[PDB]
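One chain comes next, on its own, written out as structure tokens in the form deposited in one PDB entry.
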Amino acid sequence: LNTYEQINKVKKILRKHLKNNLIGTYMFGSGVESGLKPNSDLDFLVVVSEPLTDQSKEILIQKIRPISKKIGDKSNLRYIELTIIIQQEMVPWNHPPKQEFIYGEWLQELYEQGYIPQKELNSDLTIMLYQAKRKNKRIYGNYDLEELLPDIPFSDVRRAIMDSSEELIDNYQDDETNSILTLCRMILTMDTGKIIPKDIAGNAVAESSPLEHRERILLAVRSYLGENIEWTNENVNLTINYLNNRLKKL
């Protein structure tokens, strides 16, 4: 499958199965903000009127799974990430926001165990809605995304980033590259105000960082682009601490 059929099959899945419950289908993220590199994920935000039955969620999982990349597969497909929100659940705005459904490949093992996304609160979705609201591509629907979402205070985006870092520093063992560059991304957006891709945020923050930390940050960029880095002897704790403290100074 090509990038074009990937996106098109997602649009028709949502339309065929969500029928008149579907308000809008939007894409956001690195692919819309920076351009579609062959490495880029396909990130979808979907807005609905009412909750989805546990049947509809299983269908979505079933129909999305064949057309999304699977981890560590050497294919050329892209990862599909898709979030569903109910328009009415976002008013009045409240952090953390309500999330109706998530398709994501980090959940595949659980999907195989029968796991079925239930309504949950997701502090990270505040950063997504903030990102999507500022730049998105509408691929279905009669309204622009900004018309379907209340103003989101950037203060809540700050609360969002800090709360995620707090658990990130405790859970970097074995997803080191993600955690380092997430924090690097995290630092950029809390100052300037814009979100950017991990690999570009990594080399931007590494430049402003003491050598030992820069060395390790740039070794994270490489792994994110494939390279097998083997962190078992790198002192990731120090850079995590450095990035976290740097971040805690907003």
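Just so we're on the same page, rigid core means the largest C-alpha set that superposes within 1.5 Å between forms. Residue numbers run from 1 along the displayed sequence.
The discussion below concerns the form deposited in another entry, not included here.
In this overlay on the rigid core, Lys198 has a C-alpha that sits 2 Å or more away from its partner position between the shown form and the other one.
Superposed on the core, the two forms barely differ at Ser155: its CA moves less than 2 Å between the shown form and the other one. In comparison with the shown form, the Cα-Cα distance of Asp174 and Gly29 decreases by at least 3 angstroms in that other deposited form. Figure legend: C-alpha atoms of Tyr172 and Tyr79, shown here, are separated by at least 3 angstroms less in that other deposited form.
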